[PDB]
file entry.txt (compact mmCIF, C-alpha atoms and all ligand atoms)
# COMPACT_ATOMS: atom_id res chain seq x y z
CA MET G 1 -47.76 32.63 12.66
CA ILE G 2 -49.75 32.03 15.85
CA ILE G 3 -48.58 29.00 17.82
CA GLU G 4 -49.59 27.37 21.09
CA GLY G 5 -47.32 25.25 23.30
CA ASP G 6 -43.52 25.22 23.58
CA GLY G 7 -42.51 22.35 21.31
CA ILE G 8 -41.33 24.43 18.33
CA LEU G 9 -38.36 26.73 17.74
CA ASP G 10 -37.77 29.87 15.71
CA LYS G 11 -35.36 29.42 12.82
CA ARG G 12 -33.21 31.87 10.92
CA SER G 13 -34.22 33.24 7.53
CA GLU G 14 -31.71 31.04 5.71
CA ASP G 15 -33.01 27.84 7.34
CA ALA G 16 -35.87 25.93 5.72
CA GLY G 17 -37.71 24.53 8.72
CA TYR G 18 -38.54 24.82 12.39
CA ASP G 19 -37.23 22.35 14.95
CA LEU G 20 -39.87 20.27 16.73
CA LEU G 21 -39.36 18.97 20.25
CA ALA G 22 -40.65 15.90 22.05
CA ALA G 23 -43.25 16.94 24.65
CA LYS G 24 -42.39 14.04 26.93
CA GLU G 25 -39.96 11.18 27.24
CA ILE G 26 -40.70 8.49 24.65
CA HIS G 27 -39.47 4.89 24.50
CA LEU G 28 -39.58 3.10 21.13
CA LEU G 29 -39.10 -0.67 21.04
CA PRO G 30 -37.47 -2.26 17.93
CA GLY G 31 -39.75 -1.91 14.92
CA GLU G 32 -42.28 0.11 16.94
CA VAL G 33 -44.27 3.09 15.71
CA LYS G 34 -45.57 5.83 18.02
CA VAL G 35 -47.05 9.28 17.52
CA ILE G 36 -44.60 11.51 19.39
CA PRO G 37 -46.49 14.45 20.86
CA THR G 38 -44.97 17.91 20.42
CA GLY G 39 -47.50 19.80 22.50
CA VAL G 40 -47.77 22.29 19.67
CA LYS G 41 -50.85 23.75 17.99
CA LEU G 42 -50.72 26.29 15.20
CA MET G 43 -52.55 28.30 12.58
CA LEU G 44 -50.86 27.91 9.19
CA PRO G 45 -51.08 30.82 6.71
CA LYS G 46 -53.96 30.51 4.24
CA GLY G 47 -52.97 28.50 1.18
CA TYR G 48 -50.06 26.81 2.92
CA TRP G 49 -49.51 23.47 4.67
CA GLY G 50 -46.88 22.11 7.01
CA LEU G 51 -44.50 19.29 6.21
CA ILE G 52 -43.00 17.12 8.93
CA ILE G 53 -39.64 15.85 7.67
CA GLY G 54 -36.72 14.35 9.58
CA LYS G 55 -33.46 15.87 10.80
CA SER G 56 -29.88 14.70 10.22
CA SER G 57 -29.01 13.73 13.79
CA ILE G 58 -31.97 11.49 14.56
CA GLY G 59 -32.25 10.04 11.08
CA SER G 60 -28.78 8.53 11.23
CA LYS G 61 -29.91 6.85 14.47
CA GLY G 62 -32.31 4.48 12.75
CA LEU G 63 -35.40 6.57 13.23
CA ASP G 64 -37.71 7.66 10.45
CA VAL G 65 -40.70 9.98 10.10
CA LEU G 66 -43.95 8.66 8.63
CA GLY G 67 -46.85 10.65 7.22
CA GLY G 68 -45.93 14.28 7.74
CA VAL G 69 -48.83 16.31 6.39
CA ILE G 70 -50.21 19.08 8.56
CA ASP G 71 -53.33 20.51 6.96
CA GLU G 72 -53.91 24.25 6.80
CA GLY G 73 -57.11 23.76 8.75
CA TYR G 74 -55.63 21.53 11.45
CA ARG G 75 -56.21 22.97 14.91
CA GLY G 76 -55.16 20.02 17.08
CA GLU G 77 -51.78 19.04 18.51
CA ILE G 78 -48.97 18.25 16.11
CA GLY G 79 -47.71 14.71 16.40
CA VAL G 80 -44.56 13.27 14.87
CA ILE G 81 -45.09 9.68 13.69
CA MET G 82 -41.80 7.94 14.23
CA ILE G 83 -40.72 4.36 13.58
CA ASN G 84 -37.74 2.71 15.28
CA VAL G 85 -35.94 0.69 12.58
CA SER G 86 -33.02 -0.54 14.69
CA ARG G 87 -32.94 -3.93 16.43
CA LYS G 88 -32.80 -2.21 19.82
CA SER G 89 -34.87 0.12 21.95
CA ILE G 90 -34.44 3.87 21.57
CA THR G 91 -35.37 6.70 23.91
CA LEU G 92 -36.27 10.24 22.89
CA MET G 93 -35.83 12.65 25.79
CA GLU G 94 -38.18 15.48 26.71
CA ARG G 95 -37.60 18.63 24.64
CA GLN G 96 -35.17 16.72 22.38
CA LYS G 97 -35.22 17.85 18.73
CA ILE G 98 -37.03 15.16 16.76
CA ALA G 99 -38.15 16.67 13.47
CA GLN G 100 -38.55 19.76 11.29
CA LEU G 101 -41.63 21.67 10.17
CA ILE G 102 -41.44 23.37 6.79
CA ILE G 103 -44.12 25.72 5.50
CA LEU G 104 -45.00 24.97 1.89
CA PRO G 105 -47.70 26.31 -0.44
CA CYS G 106 -50.19 23.83 -1.91
CA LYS G 107 -52.37 24.26 -4.98
CA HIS G 108 -56.06 23.65 -4.73
CA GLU G 109 -57.87 22.37 -7.78
CA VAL G 110 -61.00 20.53 -8.76
CA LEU G 111 -60.58 17.12 -10.34
CA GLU G 112 -61.98 17.01 -13.87
CA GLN G 113 -62.59 13.52 -15.20
CA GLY G 114 -61.14 13.79 -18.70
CA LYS G 115 -58.65 12.34 -21.14
CA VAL G 116 -54.90 12.44 -20.60
CA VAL G 117 -53.15 13.60 -23.77
CA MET G 118 -49.75 12.06 -24.60
CA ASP G 119 -48.44 15.59 -25.10
CA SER G 120 -45.04 15.19 -23.44
CA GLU G 121 -41.55 13.76 -23.92
CA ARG G 122 -41.79 10.99 -21.31
CA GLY G 123 -45.51 10.46 -21.32
CA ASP G 124 -45.81 6.80 -20.42
CA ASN G 125 -42.29 6.17 -19.03
CA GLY G 126 -41.41 5.62 -15.37
CA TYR G 127 -39.48 3.43 -12.90
CA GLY G 128 -35.94 3.66 -14.32
CA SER G 129 -36.34 5.35 -17.73
CA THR G 130 -32.69 6.39 -18.20
CA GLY G 131 -31.23 3.34 -16.44
CA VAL G 132 -29.10 3.31 -13.28
CA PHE G 133 -26.60 5.59 -15.00
CA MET J 1 -56.66 19.42 -13.23
CA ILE J 2 -57.51 16.67 -15.72
CA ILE J 3 -57.41 13.18 -14.23
CA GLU J 4 -58.09 9.68 -15.51
CA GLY J 5 -59.17 6.71 -13.40
CA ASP J 6 -60.97 6.64 -10.03
CA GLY J 7 -58.12 6.24 -7.54
CA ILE J 8 -57.99 9.86 -6.32
CA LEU J 9 -60.31 12.02 -4.24
CA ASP J 10 -61.21 15.70 -4.16
CA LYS J 11 -60.07 17.51 -1.03
CA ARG J 12 -61.29 20.67 0.64
CA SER J 13 -59.51 23.99 0.22
CA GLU J 14 -58.02 23.81 3.72
CA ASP J 15 -56.52 20.34 3.13
CA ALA J 16 -53.04 20.02 1.64
CA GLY J 17 -53.33 16.84 -0.41
CA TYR J 18 -55.55 14.43 -2.27
CA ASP J 19 -56.24 10.92 -1.00
CA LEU J 20 -54.97 8.10 -3.20
CA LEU J 21 -56.67 4.71 -3.30
CA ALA J 22 -55.37 1.22 -3.96
CA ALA J 23 -56.60 0.03 -7.38
CA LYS J 24 -56.64 -3.60 -6.28
CA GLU J 25 -56.10 -5.75 -3.24
CA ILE J 26 -52.41 -5.86 -2.31
CA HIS J 27 -50.59 -8.26 0.02
CA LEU J 28 -47.23 -7.16 1.45
CA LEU J 29 -45.02 -9.75 3.15
CA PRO J 30 -42.69 -8.63 6.00
CA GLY J 31 -39.97 -6.34 4.67
CA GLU J 32 -41.47 -6.43 1.17
CA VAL J 33 -41.68 -3.53 -1.26
CA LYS J 34 -44.33 -3.26 -3.97
CA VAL J 35 -45.54 -0.52 -6.30
CA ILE J 36 -49.20 -0.17 -5.35
CA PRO J 37 -51.18 0.81 -8.43
CA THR J 38 -53.71 3.62 -8.07
CA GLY J 39 -55.17 3.40 -11.54
CA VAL J 40 -54.76 7.15 -11.82
CA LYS J 41 -53.26 9.25 -14.60
CA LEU J 42 -53.08 13.02 -14.53
CA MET J 43 -51.84 16.22 -16.11
CA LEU J 44 -50.11 18.40 -13.51
CA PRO J 45 -50.22 22.20 -13.97
CA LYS J 46 -47.19 23.61 -15.77
CA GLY J 47 -44.36 24.38 -13.37
CA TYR J 48 -45.68 22.07 -10.68
CA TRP J 49 -44.97 18.49 -9.57
CA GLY J 50 -46.77 15.97 -7.41
CA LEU J 51 -45.51 14.64 -4.11
CA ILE J 52 -46.57 11.24 -2.81
CA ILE J 53 -46.40 11.36 0.99
CA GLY J 54 -47.95 9.06 3.58
CA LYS J 55 -51.10 9.40 5.69
CA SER J 56 -51.52 9.13 9.46
CA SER J 57 -53.62 5.95 9.56
CA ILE J 58 -51.45 3.71 7.41
CA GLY J 59 -48.16 5.12 8.61
CA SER J 60 -48.80 4.08 12.19
CA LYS J 61 -49.37 0.57 10.82
CA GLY J 62 -45.74 0.00 9.91
CA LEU J 63 -46.04 1.03 6.29
CA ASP J 64 -43.92 3.67 4.63
CA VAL J 65 -43.86 5.45 1.28
CA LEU J 66 -40.68 5.42 -0.81
CA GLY J 67 -39.76 7.71 -3.69
CA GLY J 68 -42.76 9.95 -4.19
CA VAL J 69 -41.91 12.23 -7.10
CA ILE J 70 -44.46 12.62 -9.86
CA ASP J 71 -42.97 14.63 -12.70
CA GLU J 72 -44.96 17.37 -14.40
CA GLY J 73 -44.55 15.52 -17.67
CA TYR J 74 -45.55 12.10 -16.36
CA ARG J 75 -48.46 10.66 -18.32
CA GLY J 76 -48.48 7.09 -17.02
CA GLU J 77 -50.25 5.51 -14.04
CA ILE J 78 -49.40 6.75 -10.58
CA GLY J 79 -47.91 4.09 -8.36
CA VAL J 80 -47.37 4.27 -4.62
CA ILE J 81 -44.13 2.53 -3.59
CA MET J 82 -44.80 1.04 -0.20
CA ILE J 83 -42.60 -0.99 2.12
CA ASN J 84 -43.96 -3.24 4.88
CA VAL J 85 -41.71 -2.70 7.92
CA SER J 86 -43.57 -4.95 10.36
CA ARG J 87 -42.62 -8.57 11.06
CA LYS J 88 -45.96 -9.74 9.68
CA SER J 89 -47.92 -9.67 6.44
CA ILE J 90 -50.20 -6.73 5.72
CA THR J 91 -53.09 -6.40 3.29
CA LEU J 92 -54.26 -3.21 1.61
CA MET J 93 -57.85 -3.53 0.41
CA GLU J 94 -59.21 -2.27 -2.90
CA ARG J 95 -60.07 1.45 -2.82
CA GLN J 96 -58.45 1.78 0.62
CA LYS J 97 -56.75 5.16 1.23
CA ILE J 98 -53.01 4.56 1.02
CA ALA J 99 -51.33 7.91 0.44
CA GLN J 100 -51.67 11.62 -0.32
CA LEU J 101 -50.81 13.64 -3.41
CA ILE J 102 -49.75 17.23 -2.85
CA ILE J 103 -49.23 19.71 -5.68
CA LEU J 104 -46.03 21.69 -5.22
CA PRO J 105 -44.19 24.17 -7.44
CA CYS J 106 -40.61 23.36 -8.46
CA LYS J 107 -37.95 25.74 -9.71
CA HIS J 108 -36.15 24.99 -12.92
CA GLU J 109 -32.58 26.16 -13.28
CA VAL J 110 -29.45 25.43 -15.23
CA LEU J 111 -26.47 24.13 -13.29
CA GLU J 112 -23.50 26.49 -13.53
CA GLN J 113 -20.18 24.94 -12.57
CA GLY J 114 -18.69 27.65 -10.37
CA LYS J 115 -17.26 28.43 -6.97
CA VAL J 116 -19.29 28.27 -3.77
CA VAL J 117 -18.69 31.39 -1.67
CA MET J 118 -18.64 31.02 2.13
CA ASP J 119 -21.09 33.93 2.29
CA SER J 120 -23.38 32.61 5.04
CA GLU J 121 -23.67 32.07 8.78
CA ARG J 122 -23.54 28.25 8.75
CA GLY J 123 -21.60 27.73 5.57
CA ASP J 124 -19.78 24.50 6.24
CA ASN J 125 -21.80 23.21 9.23
CA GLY J 126 -24.22 20.28 9.18
CA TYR J 127 -25.28 17.06 10.95
CA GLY J 128 -26.02 18.35 14.47
CA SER J 129 -24.68 21.94 14.51
CA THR J 130 -26.59 23.16 17.59
CA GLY J 131 -26.46 19.81 19.41
CA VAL J 132 -29.41 17.64 20.47
CA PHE J 133 -30.79 20.56 22.45
CA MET C 1 -27.70 27.95 -9.70
CA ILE C 2 -23.99 27.73 -8.87
CA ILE C 3 -22.83 24.21 -8.05
CA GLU C 4 -19.51 22.61 -7.16
CA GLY C 5 -18.57 18.97 -7.75
CA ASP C 6 -19.95 16.48 -10.29
CA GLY C 7 -22.54 14.55 -8.29
CA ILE C 8 -25.65 16.27 -9.70
CA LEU C 9 -27.37 16.24 -13.09
CA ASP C 10 -29.34 18.75 -15.12
CA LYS C 11 -32.99 17.87 -15.56
CA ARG C 12 -35.54 18.89 -18.16
CA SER C 13 -38.11 21.60 -17.52
CA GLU C 14 -40.92 19.07 -17.10
CA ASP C 15 -39.01 17.08 -14.45
CA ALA C 16 -39.32 18.05 -10.79
CA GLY C 17 -35.88 17.23 -9.44
CA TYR C 18 -32.20 16.75 -10.13
CA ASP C 19 -30.54 13.34 -9.95
CA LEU C 20 -27.89 12.93 -7.27
CA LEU C 21 -24.97 10.54 -7.67
CA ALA C 22 -22.92 8.58 -5.17
CA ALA C 23 -19.42 10.09 -4.93
CA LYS C 24 -17.84 6.75 -4.09
CA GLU C 25 -18.72 3.11 -3.75
CA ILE C 26 -20.84 2.51 -0.64
CA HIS C 27 -21.64 -0.76 1.14
CA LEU C 28 -24.70 -0.85 3.41
CA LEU C 29 -25.13 -3.80 5.78
CA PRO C 30 -28.70 -4.93 6.71
CA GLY C 31 -30.43 -2.27 8.79
CA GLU C 32 -27.44 0.08 8.45
CA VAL C 33 -27.58 3.84 7.99
CA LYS C 34 -24.84 5.84 6.26
CA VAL C 35 -24.52 9.38 4.93
CA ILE C 36 -23.79 8.81 1.24
CA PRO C 37 -21.54 11.60 -0.01
CA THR C 38 -22.46 13.24 -3.31
CA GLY C 39 -19.42 15.47 -3.57
CA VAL C 40 -21.76 18.34 -4.36
CA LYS C 41 -21.91 21.84 -2.91
CA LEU C 42 -24.39 24.48 -4.01
CA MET C 43 -25.89 27.91 -3.49
CA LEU C 44 -29.68 27.68 -3.37
CA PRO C 45 -31.71 30.70 -4.59
CA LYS C 46 -32.72 33.09 -1.81
CA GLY C 47 -35.99 32.05 -0.18
CA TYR C 48 -35.73 28.46 -1.36
CA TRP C 49 -34.52 25.17 0.13
CA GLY C 50 -33.58 21.80 -1.27
CA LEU C 51 -35.44 18.58 -0.62
CA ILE C 52 -33.71 15.21 -0.83
CA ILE C 53 -36.33 12.63 -1.77
CA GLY C 54 -35.92 9.11 -3.15
CA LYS C 55 -36.15 7.74 -6.69
CA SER C 56 -38.27 4.87 -8.04
CA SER C 57 -35.45 2.47 -8.92
CA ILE C 58 -33.57 2.48 -5.62
CA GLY C 59 -36.65 2.77 -3.45
CA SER C 60 -38.06 -0.52 -4.69
CA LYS C 61 -34.72 -2.07 -3.67
CA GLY C 62 -35.33 -1.68 0.04
CA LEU C 63 -33.49 1.58 0.45
CA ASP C 64 -34.96 4.71 1.97
CA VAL C 65 -33.92 8.33 2.37
CA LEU C 66 -33.89 9.90 5.84
CA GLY C 67 -33.85 13.60 6.72
CA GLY C 68 -33.63 15.41 3.42
CA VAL C 69 -33.53 19.11 4.26
CA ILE C 70 -30.88 21.23 2.60
CA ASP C 71 -30.92 24.72 4.08
CA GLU C 72 -30.67 27.79 1.86
CA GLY C 73 -27.56 28.79 3.75
CA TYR C 74 -25.85 25.41 3.60
CA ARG C 75 -22.42 25.66 2.00
CA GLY C 76 -21.03 22.20 2.78
CA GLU C 77 -21.22 18.92 0.87
CA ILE C 78 -24.62 17.39 0.26
CA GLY C 79 -25.04 14.00 1.86
CA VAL C 80 -27.82 11.51 1.25
CA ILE C 81 -28.80 9.69 4.44
CA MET C 82 -29.79 6.21 3.38
CA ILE C 83 -30.98 3.22 5.38
CA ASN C 84 -30.79 -0.37 4.12
CA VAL C 85 -34.07 -2.04 5.13
CA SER C 86 -33.47 -5.43 3.50
CA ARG C 87 -32.07 -8.45 5.35
CA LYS C 88 -29.00 -8.43 3.10
CA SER C 89 -26.09 -6.18 2.21
CA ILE C 90 -26.48 -3.67 -0.61
CA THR C 91 -23.86 -1.85 -2.65
CA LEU C 92 -24.26 1.56 -4.27
CA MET C 93 -21.73 2.04 -7.07
CA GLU C 94 -19.78 5.21 -7.79
CA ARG C 95 -21.79 7.76 -9.80
CA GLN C 96 -24.94 5.63 -9.41
CA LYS C 97 -28.17 7.66 -9.15
CA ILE C 98 -29.27 7.53 -5.52
CA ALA C 99 -31.71 10.38 -4.94
CA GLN C 100 -33.38 13.53 -6.24
CA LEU C 101 -33.00 17.16 -5.27
CA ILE C 102 -36.06 19.36 -5.65
CA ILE C 103 -35.99 23.13 -5.20
CA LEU C 104 -38.90 24.33 -3.08
CA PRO C 105 -39.79 27.72 -1.62
CA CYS C 106 -40.15 28.01 2.16
CA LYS C 107 -41.97 30.68 4.14
CA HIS C 108 -40.18 32.47 6.91
CA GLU C 109 -42.21 33.70 9.85
CA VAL C 110 -41.82 34.67 13.46
CA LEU C 111 -43.56 32.51 16.03
CA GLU C 112 -46.15 34.46 18.00
CA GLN C 113 -47.23 32.81 21.24
CA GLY C 114 -50.99 33.24 21.08
CA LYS C 115 -54.31 31.45 21.16
CA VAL C 116 -55.43 29.00 18.49
CA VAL C 117 -59.01 29.76 17.42
CA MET C 118 -61.27 26.82 16.52
CA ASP C 119 -62.15 28.67 13.32
CA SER C 120 -62.13 25.72 10.91
CA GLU C 121 -64.11 22.68 9.78
CA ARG C 122 -61.75 20.00 11.16
CA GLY C 123 -60.19 21.96 13.96
CA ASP C 124 -59.39 19.26 16.48
CA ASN C 125 -59.67 16.17 14.25
CA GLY C 126 -56.77 14.02 13.04
CA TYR C 127 -55.45 10.46 12.63
CA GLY C 128 -58.24 8.86 10.55
CA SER C 129 -61.08 11.43 10.58
CA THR C 130 -63.03 10.05 7.60
CA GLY C 131 -62.19 6.40 8.31
CA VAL C 132 -60.25 4.00 6.05
CA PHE C 133 -62.78 4.62 3.30
MG MG G 201 -39.06 6.69 4.17
call {"tool": "encode", "arguments": {"input": "entry.txt", "output": "structure tokens"}}
result
Amino acid sequence: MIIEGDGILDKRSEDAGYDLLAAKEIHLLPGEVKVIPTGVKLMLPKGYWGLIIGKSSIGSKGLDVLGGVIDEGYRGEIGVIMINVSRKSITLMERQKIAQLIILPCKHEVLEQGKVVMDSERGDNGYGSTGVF
Amino acid sequence: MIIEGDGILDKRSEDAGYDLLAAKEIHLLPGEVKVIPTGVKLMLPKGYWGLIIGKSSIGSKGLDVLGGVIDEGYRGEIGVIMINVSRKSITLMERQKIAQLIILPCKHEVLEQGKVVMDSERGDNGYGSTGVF
Amino acid sequence: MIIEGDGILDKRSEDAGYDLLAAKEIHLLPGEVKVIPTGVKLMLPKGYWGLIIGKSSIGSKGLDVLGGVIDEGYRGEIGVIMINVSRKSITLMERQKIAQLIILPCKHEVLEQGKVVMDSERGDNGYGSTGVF
């Protein structure tokens, strides 16, 4: 996979995603949302997309990742949308690991206006069908 | 893919997901969680599932998507579970883009009670194994 | 798939993920983040990874899942990183369903420092390219 910039790291075959780094120092105030730049640009393999999903270390710090969909055709810089959920300010240092990028396949289909057939054992059910237990 | 309702939009081949719309005007109070209706019903391809994941625009507004798993067998209406993380009220207009739907394959297996073999280079490690850097 | 522990449940072929249970009673204070133990260990199929993603029932309760990436090579105990976003304390009972585990394939590639070609119809665009509507 062709990449531009230095904000991404190789991973081993047994690891699911690639570590993303912060391109510059970022300061998030309580409840604030910013689009952390990674300084990375890439060309995803045809038929695949990239998923930005959080890491253990930063997640347990009160930070979450929003959005997270890198389109196959995207050619711009990858940004990590992060929200600070703590009641205090947080600071993400330059080149600090902030997220993961996982390469997943996506199916492309045309949407056919039709009629949904109740041909399944669940059909209508949702939102707690088997209970809490 | 057969779909019912008007709350979903075609996407181009290079895009990963389909845009989901709000079926009606929704008002989220600070810290509130509601299941935004999309008025959409669908029949996912056998062996696949649907993933509800946020978009750039709304994410950076202090809104997040919870849950997000549409089962292959689901036949009901798709709802987007959204939480308002800001300290103010937010309003999602009718037919406003609120999320993305991405079609991913899922593996089905039987769970075999057995013994995990420490046959890997990580094995036990987790939660910040290489540090912050 | 070989598994150890009792904190996971079989699923039917039409369902995308497996239900994860809390290994012990957990008490989350407002805004708190804890790594809920599941008491589960597993050996993911080669080339695949596990995704921890929330469920309907608990999501609409003000609880969210952070991180969520189980590496193919992981051999330790699976933990669910949960944040309490409400203004009150929440309690997750023992063996209560708290999340879902979905088995997804991941592509492994080497990162080739190169030059991104503006060979797509989007290329640079991102963060609200078609508007809100
Ligand atoms: Mg979340």
call {"tool": "residues_near_ligand", "arguments": {"input": "entry.txt", "ligand": "ligand MG 201 (chain G)", "cutoff": "6 Å", "atoms": "all atoms listed in the file", "output": "ChimeraX atom specification"}}
result
/J:64-66 /C:64-65
call {"tool": "closest_atom_pairs", "arguments": {"input": "entry.txt", "of": "region 41-133 of chain J", "to": "region 36-55 of chain G", "cutoff": "10 Å", "atoms": "all atoms listed in the file", "output": "Markdown table"}}
result
| residue | atom | partner | partner_atom | distance |
| --- | --- | --- | --- | --- |
| J:53 | CA | G:51 | CA | 9.7 |
| J:102 | CA | G:49 | CA | 9.8 |
| J:127 | CA | G:55 | CA | 8.3 |
| J:128 | CA | G:55 | CA | 8.7 |
call {"tool": "write_last_selection", "arguments": {"input": "entry.txt", "atoms": "C-alpha atoms", "output": "PDB file, keeping the file's coordinate frame"}}
result
ATOM      1  CA  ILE J  53     -46.400  11.360   0.990  1.00  0.00           C
ATOM      2  CA  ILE J 102     -49.750  17.230  -2.850  1.00  0.00           C
ATOM      3  CA  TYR J 127     -25.280  17.060  10.950  1.00  0.00           C
ATOM      4  CA  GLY J 128     -26.020  18.350  14.470  1.00  0.00           C
TER       5      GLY J 128
END
call {"tool": "closest_atom_pairs", "arguments": {"input": "entry.txt", "of": "chain C", "to": "chain G", "cutoff": "7 Å", "atoms": "all atoms listed in the file", "output": "tab-separated table"}}
result
residue	atom	partner	partner_atom	distance
C:31	CA	G:86	CA	6.7
C:33	CA	G:60	CA	5.8
C:34	CA	G:60	CA	6.9
C:49	CA	G:16	CA	5.8
C:56	CA	G:127	CA	5.2
C:57	CA	G:128	CA	5.6
C:66	CA	G:59	CA	5.5
C:67	CA	G:54	CA	4.1
C:68	CA	G:54	CA	7.0
C:71	CA	G:15	CA	5.0
C:72	CA	G:14	CA	5.1
C:73	CA	G:14	CA	5.1
C:81	CA	G:60	CA	6.9
C:96	CA	G:133	CA	5.8
C:97	CA	G:132	CA	6.1
C:105	CA	G:104	CA	6.9
C:106	CA	G:103	CA	5.7
C:107	CA	G:103	CA	5.6
C:108	CA	G:13	CA	6.0
C:109	CA	G:1	CA	6.3
C:110	CA	G:1	CA	6.3
C:111	CA	G:1	CA	5.4
C:112	CA	G:2	CA	4.8
C:113	CA	G:3	CA	5.3
C:114	CA	G:2	CA	5.5
C:115	CA	G:4	CA	6.2
C:116	CA	G:42	CA	6.4
C:118	CA	G:75	CA	6.6
C:120	CA	G:73	CA	5.8
C:122	CA	G:74	CA	6.3
C:123	CA	G:75	CA	4.2
C:124	CA	G:76	CA	4.3
C:125	CA	G:76	CA	6.6
call {"tool": "residues_around", "arguments": {"input": "entry.txt", "residues": "residue 93 (chain G)", "least_positions_apart": "5", "cutoff": "9 Å", "atoms": "all atoms listed in the file", "output": "list in words"}}
result
residues 22, 23, 24, 25, 26 and 27 of chain G
call {"tool": "write_last_selection", "arguments": {"input": "entry.txt", "atoms": "C-alpha atoms", "output": "compact mmCIF listing (two decimals), in the coordinates of the input"}}
result
# COMPACT_ATOMS: atom_id res chain seq x y z
CA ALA G 22 -40.65 15.90 22.05
CA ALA G 23 -43.25 16.94 24.65
CA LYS G 24 -42.39 14.04 26.93
CA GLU G 25 -39.96 11.18 27.24
CA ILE G 26 -40.70 8.49 24.65
CA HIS G 27 -39.47 4.89 24.50
call {"tool": "atom_distance", "arguments": {"input": "entry.txt", "atom1": "CA of residue 92 (chain J)", "atom2": "CA of residue 69 (chain J)"}}
result
21.6 Å
